[PDB]
Amino acid sequence: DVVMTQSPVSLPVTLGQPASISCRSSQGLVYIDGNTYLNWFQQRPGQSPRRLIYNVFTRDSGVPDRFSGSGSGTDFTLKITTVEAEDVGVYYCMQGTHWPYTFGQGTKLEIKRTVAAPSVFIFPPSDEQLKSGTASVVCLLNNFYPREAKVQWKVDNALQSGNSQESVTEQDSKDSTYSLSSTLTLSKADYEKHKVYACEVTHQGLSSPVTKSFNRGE
Amino acid sequence: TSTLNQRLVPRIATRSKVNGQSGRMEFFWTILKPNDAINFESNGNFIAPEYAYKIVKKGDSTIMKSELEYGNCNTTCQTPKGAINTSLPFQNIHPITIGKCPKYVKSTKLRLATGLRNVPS
Amino acid sequence: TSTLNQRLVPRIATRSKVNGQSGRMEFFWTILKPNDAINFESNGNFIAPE
Amino acid sequence: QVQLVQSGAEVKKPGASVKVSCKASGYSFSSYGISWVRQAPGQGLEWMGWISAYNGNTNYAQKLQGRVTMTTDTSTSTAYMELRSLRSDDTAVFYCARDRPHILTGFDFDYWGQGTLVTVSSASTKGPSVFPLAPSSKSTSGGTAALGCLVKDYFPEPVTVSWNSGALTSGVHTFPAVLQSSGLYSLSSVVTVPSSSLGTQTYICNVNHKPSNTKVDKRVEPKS
Amino acid sequence: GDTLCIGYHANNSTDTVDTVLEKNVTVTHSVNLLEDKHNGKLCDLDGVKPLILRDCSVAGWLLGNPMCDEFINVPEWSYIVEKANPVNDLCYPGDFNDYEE
Amino acid sequence: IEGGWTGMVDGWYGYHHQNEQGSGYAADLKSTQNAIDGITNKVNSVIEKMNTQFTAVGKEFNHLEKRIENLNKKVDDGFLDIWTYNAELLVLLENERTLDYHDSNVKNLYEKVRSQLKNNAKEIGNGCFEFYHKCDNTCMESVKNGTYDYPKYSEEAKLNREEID
Amino acid sequence: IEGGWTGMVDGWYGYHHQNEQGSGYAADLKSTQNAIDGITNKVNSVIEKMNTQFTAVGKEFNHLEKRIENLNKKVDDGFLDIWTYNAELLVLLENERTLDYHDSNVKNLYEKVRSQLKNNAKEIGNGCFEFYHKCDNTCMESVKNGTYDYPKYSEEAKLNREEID
Amino acid sequence: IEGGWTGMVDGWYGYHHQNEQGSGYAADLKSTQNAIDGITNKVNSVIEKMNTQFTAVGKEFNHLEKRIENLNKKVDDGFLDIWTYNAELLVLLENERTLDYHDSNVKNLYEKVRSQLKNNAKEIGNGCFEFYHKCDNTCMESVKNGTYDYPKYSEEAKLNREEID
C-alpha cells in the first residue's frame, strides 16, 4: 500500500507569493516504463478536478507556467509563482505507481492575507415554520479571513451543543471574505420553554465576544 | 588567536622574477569567532591585515570552475558545465553541484532492465 | 606534560541557561606515563584536577 | 475534444444496486481505459476502480471488491460502475477519468467527468418548506438589513433558489445544505440590502426542488 | 485443429541495456538512472544570482585585488563562479595556504 | 519460445488462443501483474544508494605538508570509482535477475497449461498446444483461469489420437 | 534430467538401475565423494576473510577540528558496506559455481554411460537407457564400475534393434 | 554444435563444406575477423587500469602517535585487496562475455544458412544441412558469401523430398 502525505494542508497566500505544496510517498514512485508518476491535480471548488504536471516534470497543455511540478525522490513539490485567484482551490498528490492508487489528503489555498471584519446578524423564526413544528434560529457572519468563528449557543444562558449546525461559503472573488450561517433547530416545546436565545461569536477581528440576545417576545 | 597561535617565519628563497618580481608573498586566512583576539607580532616580511570579511547568512554554496555566462531562468540546479531540471537519480556531468542536484557517477551509462528481450518476428 | 604542552584559553560565549547555567565547562584528559610532570598554569576559568 | 459525460444524479435506499454511466467521445477511444473516483461529501478523493477497454482488466479497490462491478461497451464507448450493496456511508458523488489501458504503460486521468452524486439513505423524496426571515432588530440598519429564506425538510440534494425573479444579483449568499440529523436537508439563502430600501425593494425567494418540482415563490416580509 | 500457443512481449524500443553475460541487449522496457542533459549556459538557482567572479581568482576577491574591485559589497550569493586559469588577476607572486580548506 | 509477440502489447506473458471461431492474443493477467509488482519494487529499492553522510570534510597541507588533504582527497576519489564500479555491477546483476525471472515466468505458465491439458493435446511448435478435441471460447478461458477440466473432453480427444495413431 | 530423485538420499548423483530382477536407486560413489571433497574445501576456503589487522586506530577532533576522527570514521565505515557488498558478491559467485559444477557432474556421468553402452541401448526419457539386451545385476555393476563390455551383449542387442527396425 | 573442429585452424567460426567433389573446412572470414577486432579491443581496453596518482604520500607516528601513518597505511592496504578483488571480477566478467559472444556468433551463422537454404535442405546432426539437391562448389560459395539463391535448386529439391516423403 502507498501513503501520500501532503505536508501543507492549509495554505493561505498573498497574490504573487510563490508557495509550494509537498507530497511525500512511502515508497519510490518509479515504474517499469521509466518515468515517475505524480501528475498533480487541482479541483477548483464547484468544478471537477483537473491535471497539471504529467509524470513529475511535464506541464499540461492548458496549464499556466506559474504552476510547476518538482521533486525527484519520495518528497515531491509543486510551486506556483504569482499565485492568482483561479489558482485557489484544493490540490491532491497523484496515485503511486503501486496499483493501490493514492490521491492522499488535500491542500487548500487562500486569496490574500488581510484581517477580519464580520457583520454579525441573527434571524428569529417566522411564525409560519413556528406552526409546522420546527423552530430554528440562524446566526449570520458575512465576512472575515478564516472559515470558523466558534458561534456557540446559549439558551437562557445555557450553552447548546449538537443542536447547532454550521455551513460555510467560499472566498468571495471580489474580496477574500468567507460567510457563515450557523443554525440551531429545536422543537416548539423548547422554543416556548425558554424566552432568551443569546449566541456567541468569537474570532480575531473582535477583541470582545459579541452575543445577540434576541428574546422570544420582541 | 584563540587556537591559531601561528608563530611563522619568512624564507629568503624564490625563482625568477614573476611579473617583474622574483620574490614570493604567501597569504593566509583564519575564520575568527566573536570576542576573540588576534595577536600579530612581526619584525619583518609581514603583510599586515587592514580589512576583513564579516561572515553573514552562512548558506550552502561552492566554488565553480568554468567559464560560462549568467542565465535568466531560475533553474533548480547548476553544474560547472550547465544546469539540470530533471529527476534521474545520478549524474555524469560533474561532482561540484549546487543544492538540488542528482548524485555523481563516473559511469557512461546506468540502465536497469525492466522488460523482456525485445525480439520482433 | 611530556608532550601535551597544551596552552589553552577559555572563550566567553555559550547558549541559553542549560539546567540553570548558560555558560559551558569543556573537560579534558590525558593518559600520563610514570615519572612525568604536568605543569598546570592558569589565571582563570580553570577547573583544576584533584 | 474533452467530453466525459457522466450519468444523471441518482437517489437510492441502502442495499440497492446503483449503476453510473460515463459516455465518452470527442476524443479517440483507442481502447483507452477508464477509472472511477469517489469524493465523499466535502471530503477526500478515494479511487474506486479501473477497467481497460483494451481488455477486461478490472482492478477494484481492496476496501470495496465484492459490491463493485465495472463494465465497458466499446461499441458505444461507455463505461459503467455498479455498486451491488449500498450504505449510508457510501452516499457521495462519483467521478470518471480516462486511464491508459496497458498495465505495462502508466496512467493518464487526462479527461475528468461531470460528478454524478449518489445519495443513499432510507428516506423518500419530500418537498421543501420555504420560510422567510425579517429584520427584527433592523440588524445593521446603517449598513445592510439582512433578509433570508429557509428551504428545509426535503430529501434530494439539488435545489435552485431564485431571488426576486432571479433578478437579485449581489447580496445573495446561498449556503451549503446540511443534513438534518433525521435525514432531511436545510438550505439558508440570505441577502444584505441597506435598511434604507425596506418597502421600496421587493423581496421574493423563488425556490424550486427539481427532483420533486416544487416550484414555490416565497414571500419575504420585513417584520421588525 | 484447435490450438493454444504461448508467447512473450516485443515492441520497437531500441533501448540497449547491458548484462553480466551480454551487452547492448535490447529490452522492451527499461529505466535509466544516469543522465547527461545540461544546457551549457550557467543559469540561476532558486532566484539567487551567483558571484560570477569573471576573471579574478577567489583569492583576489578575498584579498582585495585592485583590478576586479567591483565585487566588494555584492549581496548574498547562492554560489561562487570562478573562471579557470584566472588571467586578469595575477594575485601577485605568492602561495595561498589552507586553500581548499 | 524463441520468438517474440508484437500483438501482445497488453502484458508481457500471454497466450495466443485459437478456436474454430477465431484467433486472439490474450495476456495472462496474474503473471504480468505480479511480475510488474516485483520488478517495480526491485527498481525502486535498487535506487536506494545511501551515499556516506556529508561529514563536512576538507583539509589541506596548511603550508606544513598536512597531507590530511591528499589523504582526504584519495579517500573521496577512492570511494568513488569503487562505489561506481560496484554500482555498475549491481545494475548488471539486477539486469540479469530480471531477465531470468522473465524466462522463469514463461516456463511456469507453459507447465501450468501442460498440467491442465495433459494428454488431451499435442505439444507442437514453439510452445503450442494442438487440442485433439475442440476447446470452446469458454474452455479456452477455463485453461487460462486455471479452471480447465480434463475429463469432459478426455474421451473425445482419446478417440482422435487413436484415429491418427 | 529435469526431475529430482528423493529416493537417492545416499549421494547427490546416482543411477536408477532396473533389471528383470528389480529396481533400485544406486548413487555413484566416486562422483559424490570427489564432489563433496571439492565443495567442502570451497566452503572452508571462502570462510577465510582475513579482515584488516586491529591497528588500534581512533582519533577525534581534539577540540581543534582534528578531522582525523571523521577521516578514520569514514575509513572504517567505508571499508565496511564495501567489503560487505564485495562479500555478498563472493557468496553469490561461489553459489553459482557450485550449482553449475553439479550440473557438469550430471552430464559427465551421462556421457560415461553413453560411451560404455554406445548402440547397445536407446536414449529415451530424461536420461534413461533402455537396454536392447538384458543387463544382469553384475552387468549393471559393470556399467557403474566403468567395467562394462560392449561386445558380449552386442550381437543380442543388434538383433533386437533389427526386430523393431 | 557440441563438438569442436581441430581442422579449422584458420578462424574460429567455420563451415565444413561437402559436395560430390569433396570435403573441406572453410572458415567464415567476416565473422572471425569482426569478432577478432572486437575481442582485441576489449582486451586492450580492459588493460586500462589507471591506478590512483602517485600522490607522494607517507606519514608516521612522529613519536607523537601521528596515526596518519596507520591511516595512510590502511588506506593503501585497503585500496589494494579491494581493487585487486574488483579486478578479478572484471576479468571473470569479460571472460564470460567473450565466451557467450562466441556462442552468439555460432548461432547467428547457423540462422544465416537456415535463412538462405529454407526447405531446400534438412536440418540433421549437430548443425549440418543435408541438401536435397546438389550444391556445387560455387553454390557452396554462394551460401557462404550470402549470395545463395533458393529458386534455382528449389524444384529439384522439392521432388527429392516427395520421393522420400
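Amide H contacts of D:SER25: D:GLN3, D:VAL5, each under 5 Å away and 5 or more positions distant or on a separate chain (H built 1.01 Å from N in the peptide plane; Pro and chain starts excluded). Note that the range E:59-69 has calculated 3J(HN,Hα) couplings of 3, x, 4, 6, 6, x, 5, x, 6, 6, 9 Hz, one per residue in order, obtained from phi through the Karplus relation 6.51 cos²θ - 1.76 cosθ + 1.60 (θ = phi - 60°); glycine and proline are x. Along the range F:85-96 the Karplus relation, 6.51 cos²θ - 1.76 cosθ + 1.60 evaluated at θ = phi - 60°, assigns HN-Hα couplings of 3, 4, 5, 4, 5, 5, 4, 4, 4, 4, 4, 4 Hz to successive residues, with x for each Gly and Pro. Distant-in-sequence amide contacts of B:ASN92, defined by a placed amide H-H separation under 5 Å and a gap of 5 or more residues or a different chain, comprise B:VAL105, E:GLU35. Annotation: the residues A:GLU110, F:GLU96, G:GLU2, sorted from fewest to most other C-beta atoms within 10 Å of their own C-beta, follow the order G:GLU2, F:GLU96, A:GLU110.
The long axis of helix F:150-164 is offset from the longest Cα principal axis of chain F by roughly 70 degrees. When peptides A:140-147, G:133-140 are ranked by their average number of other Cβ atoms within 10 Å per residue, the highest-first order is A:140-147, G:133-140.
Percent of C-alpha pairs per 10 Å bin in the range B:42-111, short distances first: 15, 35, 23, 13, 10, 4, 0. Taken over the alpha carbons of the range F:1-83 as equal point scatterers, the Debye sum produces base-10 log I(q)/I(0) values at 0.13, 0.25 Å⁻¹ of -0.66, -1.18. Taken as Cα centroids, the range D:23-46 and the range F:117-142 sit 39 Å apart, rounded to the nearest whole angstrom. Between H:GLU48 and H:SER23, the modelled labels are 4.8 nm apart [label points 7 Å from Cα along Cα→Cβ]. On full extension, the segment bounded by G:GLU94 and G:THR55 gains 11.0 nm, given 0.36 nm per residue less the C-alpha separation. By the Kirkwood approach, averaging reciprocal distances over each pair of separate Cα atoms, the range A:86-217 gets a hydrodynamic radius of 17.1 Å.
Sorting D:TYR27, E:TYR8 from the fewest to the most surrounding beta carbons within 10 angstrom yields D:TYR27, E:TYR8. The range F:5-63 and the range B:48-121 have Cα centres spaced 27 Å apart. Over all distinct Cα-Cα pairs of chain D, the Kirkwood formula returns a hydrodynamic radius of 20.0 Å. Set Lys and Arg Cβ to +1 and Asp and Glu Cβ to -1, take the dipole of the range F:76-136 about its Cα centre, and tell me which of F:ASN86, F:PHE131, F:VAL106 lies farthest positive. The residue sitting most towards the positive pole is F:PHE131.
Across the range G:73-121, counting alpha-carbon atoms alone, Rg and Dmax equal 21.2, 71 Å.
As a proxy for reagent exposure, ranking H:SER104, D:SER186 by other Cβ atoms within 10 Å from fewest up yields H:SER104, D:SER186. Taking the Cα atoms of the range G:23-165, the ratio Rg/Rh between the radius of gyration and the Kirkwood radius comes to 1.40. Distance distribution P(r), the protein assembly as shown, all Cα-Cα pairs, bin width 20 angstrom from 0: 8, 24, 28, 24, 14, 4, 0 percent. Extending 7 Å from Cα along the Cβ direction at D:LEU198 and again at G:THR40 yields two label points whose distance is 11.3 nm. Here's the list of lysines a cross-link from F:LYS134 could span, going by alpha-carbon distance under 20 Å and ignoring same-chain residues fewer than 8 apart: F:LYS112, F:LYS118, F:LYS122, F:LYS144, F:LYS152, F:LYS158.
Give me, ordered by chain and number, the residues 5 or more places off D:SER162 or on other chains with an amide H under 5 Å from its own placed amide H. For D:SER162, the qualifying residues are D:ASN206, D:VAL207, D:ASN208. Coupling constants for the range F:138-149 follow from the phi torsions by the Karplus curve (6.51 cos²θ - 1.76 cosθ + 1.60, θ = phi - 60°), and in residue order they are 3, 2, 5, 4, 4, 4, 5, 5, x, 9, 5, 10 Hz; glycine and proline get x. The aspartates and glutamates whose alpha-carbon is closer than 20 Å to the alpha-carbon of G:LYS42, local same-chain residues fewer than 8 away aside, are G:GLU88, G:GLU94, G:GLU96, G:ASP100, G:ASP103, H:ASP81, H:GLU88. Across the copies of the chain, H:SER45 has label points (7 Å from Cα along Cα→Cβ) spaced 3.2, 3.2 nm apart, shortest distance listed first.
Which distances, in nm and shortest first, link the H:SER104 label point to the same label point in every other copy, taking 7 Å along Cα→Cβ? For H:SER104, the other copies' label points sit at 2.4, 2.4 nm, shortest first. Cβ screening of chain D for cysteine pairs under 4.7 Å finds a partner for every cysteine.
The mean of 1/r over all pairs of different alpha-carbon atoms in chain E, once inverted, gives a Kirkwood hydrodynamic radius of 19.4 Å. Taking 20 Å as the straight-line reach from the Cα of A:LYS79, the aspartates and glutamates in range (excluding those fewer than 8 positions away in the same chain) are A:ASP60, A:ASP65, A:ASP87, A:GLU110, E:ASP44, E:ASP46. Spacing of the modelled spin labels on E:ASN24 and C:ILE12, each 7 Å from Cα toward Cβ, amounts to 7.5 nm. Packing around the peptides H:16-26, D:86-96, taken as the average count of other Cβ atoms within 10 Å per residue, puts them in this order, highest first: D:86-96, H:16-26. Shielding value for E:74-87 is 4, the average number of Cβ atoms from other chains within 10 Å of each residue's Cβ.
Each reported figure results from applying straightforward, stated rules to the coordinates on display, with no laboratory input. Positions of Cβ are backbone-derived with ideal geometry, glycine not excepted, and every protein chain shown enters the neighbour counts.
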